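For reference, the chains in residue letters:
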Amino acid sequence: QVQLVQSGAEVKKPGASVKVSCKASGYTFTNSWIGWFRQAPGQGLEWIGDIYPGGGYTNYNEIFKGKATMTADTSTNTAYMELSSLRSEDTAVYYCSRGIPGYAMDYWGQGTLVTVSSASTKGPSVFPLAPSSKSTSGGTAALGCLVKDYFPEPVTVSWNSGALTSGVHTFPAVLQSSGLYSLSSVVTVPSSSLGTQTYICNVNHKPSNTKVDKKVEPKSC
Amino acid sequence: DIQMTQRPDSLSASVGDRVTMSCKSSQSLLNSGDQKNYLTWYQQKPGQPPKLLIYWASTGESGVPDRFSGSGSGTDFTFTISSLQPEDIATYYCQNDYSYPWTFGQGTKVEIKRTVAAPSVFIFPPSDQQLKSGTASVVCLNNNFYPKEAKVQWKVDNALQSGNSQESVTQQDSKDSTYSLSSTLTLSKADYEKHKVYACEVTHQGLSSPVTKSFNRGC
């Protein structure tokens, strides 16, 4: 019921600023702290600061003082973290969280990956991986989507708008020589019902505002 | 600031095992006013945000499994899983909640060891849609195997390929503790059309000899 919904991943050029948002619902916005954190892989979790929207009081980690600015808009129950003078090292997943006074930070948002780079965004091409006689095993069939040539990360993939989760594997992206990324997502389903069921991979690449819904079906030879 | 140190950096255990891990702070997290130790434990799985498990060192967050518990005081703390379940694979972080700035340990990654399981191997030719674009990706899928070390080789007309493929492996599965792997062989449409047999050959600890999945272009 408590929900914190963050804005989408973005690429930003060095020297630029970025303002991440955190839309709060399911509780009284002015009565809880919003905490901000970031995480880079291998390098763990860092506290940026917290803000109490009922008054707008802020505490900052000294390492982020002067570069990070937290604000909160109590008319829309949205908190914001602006990070300025962006450098490559600021590439990270930024999280917001909710903390009742006296308690720990809970209900973390889903994270926002900010990538600092001079390279322009590029949306993915999405291709089907059709089920076939070469993807069957004992009455099941594998099928998928190949999501090629995008930048920066991340791409998310769901199947059938989130109603198909069992047997799904969405793989970590790989770095191509070009500096673009690719990934694949597959799912195993019953072979018996390939004729009656419809499998759609829903691909979202927020940095380029690209959404693709690709139907994946057995193909006539 | 307060430095948090966790040990071990990672561990592997079997389902059902009792698992413990350590978190040490450079300064005491014991609050003299209310006698609480302000240490928090989070669980984080790949691609997900941290999930609150324990606060005030030993108070379980509502809904957290009984098998999880925090203990300790002052500068020395422990997190224990009494009976490790498949869904408990994750990195566990401790956090100083005592004084600003809040600081975190670098985590303990909990992994599961289970019985060997050979991969199920599938292959996908390029889509005609991709071919129109001038490129051809052939994908080899290795599903639900253990341990993670599977080796894939691509052969085109029985010739071993080098330099034209990429692969990645999943995180460990939270239900069956297996891994999966996807490898993509990418060629120009022109090169793809010059050869007939496309094969991915897999070796794995659960296979006595290699397993190959292949197709003939245009068959």
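For this deposition, the record names X-ray crystallography as the technique by which the model was determined and cites 1.550 Å as its resolution.

Participant: Would you mind going over the overall build of chain A in detail, with residue names and values included?
Facilitator: Helix and strand counts for chain A come out as zero helices and 19 strands. Taking the principal axes of its C-alpha atoms as reference, chain A extends roughly 65 × 40 × 30 Å. Expressed as a percentage of its 221 residues, the buried residues of chain A come to 49%. Within chain A, residue pairs in contact and separated by at least 24 positions form 58% of the contacts whose partners lie at least 6 positions apart.

Participant: Lay out the sheet that holds strand 17 (residues 179–188) of chain B in plain terms, naming residues and giving numbers.
Facilitator: All names here are of chain B. Strand order in the open sheet made by the four strands is 12-13-17-16, with antiparallel pairing throughout. One side of each edge strand has no neighbouring strand; the edge strands of this open sheet are strand 12 (120–124) and strand 16 (165–169). Adjacent strand axes in the sheet meet at a mean angle of 15° when their direction is disregarded. As defined by bridge partners, strand 12 adjoins strand 13 (residues 135–145) across five bridges and the pair is classed as antiparallel. Looking at strand 13, one finds that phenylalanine 122 is bridged to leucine 141.

Participant: Account for the layout of surface pockets, with residues named and values stated.
Facilitator: For the second largest pocket, the calculated volume is near 750 Å³. In this structure, the second largest pocket is lined by 26 residues; those nearest its centre are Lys219(A), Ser220(A), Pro125(B), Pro126(B) and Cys219(B). Sorting the residues of the lining of the second largest pocket by element identifies strand 11 (125–129) of chain A together with helix 1 (128–132) and strand 19 (211–216) of chain B as the ones contributing at least two each. Here the element with the most residues in the lining of the second largest pocket is helix 1 of chain B; it accounts for four residues. Looking at the lining of the second largest pocket residue by residue, the class counts come to 13 nonpolar, seven polar and six charged.

Participant: If you had to explain the packing of aromatic side chains to someone new, which residues and values would you point to?
Facilitator: Enumeration over the complete set of coordinates arrives at 22 aromatic pairs over all chains. Three or more aromatic residues link up through ring pairs in this structure, and these residues are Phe37(A), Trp47(A), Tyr95(A), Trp108(A), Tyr42(B), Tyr100(B), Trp102(B) and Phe104(B). Across the ring face of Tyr80(A), the terminal group of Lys19(A) is positioned such that the distance to the ring centre comes to 4.8 Å. Lying over the aromatic face of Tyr27(A), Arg98(A) brings its terminal NZ or CZ to 4.4 Å of the ring centre.

Participant: How would you summarise the pairing of strand 18 (residues 197–203) of chain B if you had to cite specific residues and measurements?
Facilitator: All names here are of chain B. Among the seven residues that make up strand 18, five are buried, leaving the element largely enclosed by the rest of the structure. Bridge count for strand 14 (residues 151–156) against strand 18 is six bridges, and the pairing is antiparallel. Residue pairing across strands places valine 152 opposite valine 202, the latter belonging to strand 18. Relative to strand 19, strand 18 runs antiparallel, the two being bridged by six bridges. When the bridges of strand 19 are listed, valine 197 appears paired with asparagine 216.

Participant: Explain the state of the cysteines residue by residue, including any values.
Facilitator: Evaluated as defined, the whole model comprises four disulfides over all chains. Here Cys23(B) connects covalently by a disulfide to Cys94(B), the sulfurs 2.1 Å from one another. The sign of the S-S torsion, about 80°, decides the handedness of the disulfide formed by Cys23(B) and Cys94(B): right-handed. Taken as a pair, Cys23(B) in strand 3 (residues 19–25) and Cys94(B) in strand 9 (residues 90–96) lie far apart in primary sequence, 71 residues in all. By relative accessible area, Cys23(B) is classed as buried at 0%. In chain A, the bonded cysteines, taken in the order they occur along the sequence, pair up as 1-2, 3-4. The structure places no disulfide on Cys221(A), whose sulfur is separated from the nearest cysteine sulfur, that of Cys219(B), by 10 Å.

Participant: Hey, could you go over the interface of chain A and chain B for me, with residue numbers and the actual values?
Facilitator: Taken together, the contacts link 41 residues of chain A with 44 residues of chain B. Surface buried jointly by chain A and chain B totals about 3,600 Å² across both partners, of which 61% is contributed by carbon and sulfur atoms. Interface area lost by chain A to chain B is led by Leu45(A), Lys134(A) and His169(A), which between them contribute 17%. Remark: the boundary between chain A and chain B carries zero salt bridges. Secondary structure elements with two or more residues in the side of chain A that touches chain B: strand 4 (33–40), strand 5 (44–52), strand 11, strand 12 (136–137), strand 13 (140–150), strand 16 (174–175) and strand 17 (181–190) of chain A. Among the residues making up the side of chain A that touches chain B, the classes are represented as 21 nonpolar, 14 polar and six charged.

Participant: Would you mind going over the pairing of strand 5 (residues 51–55) of chain B in detail, with residue names and values included?
Facilitator: Residue and element names in this part refer to chain B. Where burial is concerned, most of strand 5 is hidden: four out of the five residues are buried. As paired elements, strand 4 (residues 39–44) and strand 5 share three bridges and run antiparallel to each other. Along strand 5, the bridge assignment pairs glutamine 43 with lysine 51. Here strand 4 folds back onto strand 5 in antiparallel fashion, the turn holding six residues, of which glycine 47 has a positive phi close to 80°. In terms of strand pairing, strand 5 meets strand 6 (residues 59–60) through two bridges, oriented antiparallel. The residue of strand 6 that forms the bridge with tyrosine 55 is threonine 59.

Participant: Go over the side chain of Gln6(B) with me, naming the residues and quoting the values.
Facilitator: All names here are of chain B. Inspection of the secondary structure puts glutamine 6 in strand 1 (residues 4–7). At 2.9 Å, the side chain of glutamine 6 and the backbone oxygen of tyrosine 92 are in polar contact. Aside from chain neighbours lying at most four places away, what touches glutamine 6 is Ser22, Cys23, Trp41, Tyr92, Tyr93, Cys94, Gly105, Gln106, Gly107 and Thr108.

Conventions we followed
Counting starts from 1 on each chain and goes along its sequence as written, which need not follow the entry numbering; residues with no coordinates are hidden. For naming, the first written chain is A and the first written ligand is 1, with later ones following in the order written. The side-chain values count all of the structure's non-hydrogen atoms but skip hydrogen atoms and water molecules. Where helices and strands are cited, they refer to DSSP runs of H or I of at least four residues and of E of at least two residues respectively, numbered from the N terminus. Here the term buried applies to any residue with accessible area under 20% of the maximum for its type, exposed to any over 50%, and partly exposed to those in between, with areas from a 1.4 Å probe on protein chains only. Here, two residues are considered to be in contact whenever any of their heavy atoms come within 4.5 Å of each other. For two strands to count as paired, DSSP must find a minimum of two bridges between them. For helices, the fitted axis covers only the stretch in contact; all axes are lines through C-alpha atoms, and the angles between them, taken along N-to-C directions, range from 0 to 180 degrees. Put simply, the grid is 1 Å and covers the protein atoms alone, a cavity is a trapped set of points that fit a 1.4 Å probe, a pocket is an open set with protein on both sides within 12 Å along at least five of seven lines, and lining residues have an atom within 4 Å of a point. Grid points are joined across faces, edges and corners, and a volume is the space filled by probe spheres set on the points. When residue character is reported, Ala, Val, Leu, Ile, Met, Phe, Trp, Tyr, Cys and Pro are called nonpolar, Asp, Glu, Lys and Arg charged, and the others, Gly included, polar. Stacked, tilted and edge-to-face are the three classes assigned to paired rings of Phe, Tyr and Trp, where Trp is represented by its six-membered ring and a pair needs centres within 6.5 Å; plane angles under 30 degrees give stacked, over 60 edge-to-face, the rest tilted. As a reminder, the over-ring test applies to NZ of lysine and CZ of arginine, requiring each to be within 6 Å of the ring centre and within 35 degrees of the ring normal. Defined by distance alone, a disulfide is two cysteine sulfur atoms within 2.5 Å. Accessible-area loss on putting two parts together, using a 1.4 Å probe and summing over both, is the definition of buried area adopted here. We define a salt bridge as a side-chain nitrogen of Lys or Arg found within 4 Å of a carboxyl oxygen belonging to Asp or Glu. N or O atoms within 3.5 Å of each other form a polar contact, as long as, within protein, one can give a hydrogen and the other can take it, and as long as residues adjacent in sequence are counted only when both atoms are side-chain atoms.

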